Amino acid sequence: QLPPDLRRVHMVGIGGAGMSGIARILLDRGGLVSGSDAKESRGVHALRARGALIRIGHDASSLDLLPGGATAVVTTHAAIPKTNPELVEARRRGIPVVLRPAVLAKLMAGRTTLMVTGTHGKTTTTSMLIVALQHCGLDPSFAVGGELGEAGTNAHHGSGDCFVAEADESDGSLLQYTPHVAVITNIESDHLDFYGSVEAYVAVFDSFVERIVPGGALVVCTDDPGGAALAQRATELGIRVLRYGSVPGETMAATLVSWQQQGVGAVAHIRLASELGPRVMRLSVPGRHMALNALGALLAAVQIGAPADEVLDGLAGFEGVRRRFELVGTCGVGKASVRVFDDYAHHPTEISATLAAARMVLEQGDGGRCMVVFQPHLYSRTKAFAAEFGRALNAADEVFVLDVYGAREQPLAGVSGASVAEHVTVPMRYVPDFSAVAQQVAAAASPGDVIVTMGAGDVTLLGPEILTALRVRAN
């Protein structure tokens, strides 16, 4: 059953992906949901079809939709408190206002919870874990999504005792949750916008590990430096630590012995601990970082008692999450054909890994160039990590640097996309005209090339565009 406060829930910004998933879980567990949204979308249409009362635009009257007033009001992170009319009315009536993580935590209460968190790779690892659990015939509840924006976001109310969730760390949401199994992909020095320091950002993961239930497990990647530091710290605390990575050791639970990309997909020889011989793990997604994500999902799945062999079988079916090297399309056929992929990489490590995966897919292709179209994400992040972005993009045969993506951030003087292009030693261009990109990439294309659109903003739209301009060139 639902808690008393989650009985009648009014949601400001119910069209959002995470909010839509939360609303559907509530509606499936017997609760009444009303809501409001500034912009009409098809998700609002779906929730209306599921009996939710949604008003387009915000108003105090929305709090009179549910019978007997709303027991709670959930709000999105983009809503502004003392100015949104509905939050003002809700605080004027004494109605509680909460964020999505609090409602998610209340929804995960009685179940065995498996959180996945880290600087990046959360949605991919969470999706791998969900698919592995479902391939074993389980039907867990889940709420994946957040890191890749709205890509990969999906929630579901299952009939089982498990609850998989992606837990964001850039806003202090980790402290809202109580994991039975906590997975930590990596801890990098980024997303420090909310913490003001690096020590605070690492202390948030420390406090998250403190929140694990007694008897629970911390799956963690020890190839990442911060991840290995946290593994050691949590081992001192007498907490079950399941380490996974490439470097071997006397405390490894799952060691990546070898990895090789082939045409079908990749094959990785892995080694598991005796409590959990050398096994083979075949994957359909490209890239060596996908092997580590699969190992994390595998450890998390076996901890709750799923057989590792058929969990590997399930991981072998994973075809990927949107904007995780998602194949946009192709012009031509066989060899001498140009393929267009779309990735969400906005961290220098993400960029390097995506470009390495593209290089590996291109190498055993008997000829081709790696052309990337990078769009830096934030003004502050670009002003900070411009040299990192450029040196990362150096792993491509040609670079196209778009302009900086706003993302509601205040424009900094002297900062633009060219701030990254300064540090690009490979052949590159600067194309701030977003309309002129699709043509210039297609004109610069050549048979057998691997084109990647990379960034966390508008760039995802150029994917199909580059394809069209490529088919126009078919003369």
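Just count from 1 along the sequence shown to find any residue number.
Trainee: Between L276 and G277, what class does the number of missing deposited residues fall in: none, 1 to 3, 4 to 9, or 10 or more?
Mentor: Missing in between: 4 to 9 residues.
Trainee: On mean Cα temperature factor in this entry, is 108 to 116 or 250 to 258 the higher one?
Mentor: It is 250 to 258 that shows the higher mean C-alpha B-factor.
Trainee: Would 463 to 471 or 6 to 14 have the larger average of its C-alpha temperature factors, as given in the entry?
Mentor: So the stretch with the higher mean C-alpha B-factor is 463 to 471.
Trainee: When the CA B-factors of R339, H180, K122, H157 are compared as recorded in the entry, which is the largest?
Mentor: Largest recorded C-alpha B-factor: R339.
Trainee: Which one of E210, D139, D403, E147 shows the biggest C-alpha B-factor in the PDB entry?
Mentor: The listed residue with the largest C-alpha B-factor is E210.
Trainee: Ranked by Cα temperature factor within the chain, is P411 in the lowest third, the middle third or the highest third?
Mentor: Middle third of the chain for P411's C-alpha B-factor.
Trainee: Select lowest, middle or highest to describe the third in which the CA B-factor of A78 falls within its chain in this entry.
Mentor: Its C-alpha B-factor belongs to the highest third of this chain's values.
Trainee: Would the CA B-factor of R92 place it in the lowest, middle or highest third of its chain?
Mentor: Ranked within chain, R92 CA B lands in the middle tercile.
Trainee: Among the modelled residues of its chain, does the C-alpha B-factor of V424 lie in the lowest, middle or highest third?
Mentor: For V424, whose C-alpha B-factor we compare with every modelled residue in the chain, the answer is the middle third.
Trainee: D28's Cα B-factor: lowest, middle or highest third of the chain?
Mentor: Lowest third, going by the recorded CA B-factors of the chain.
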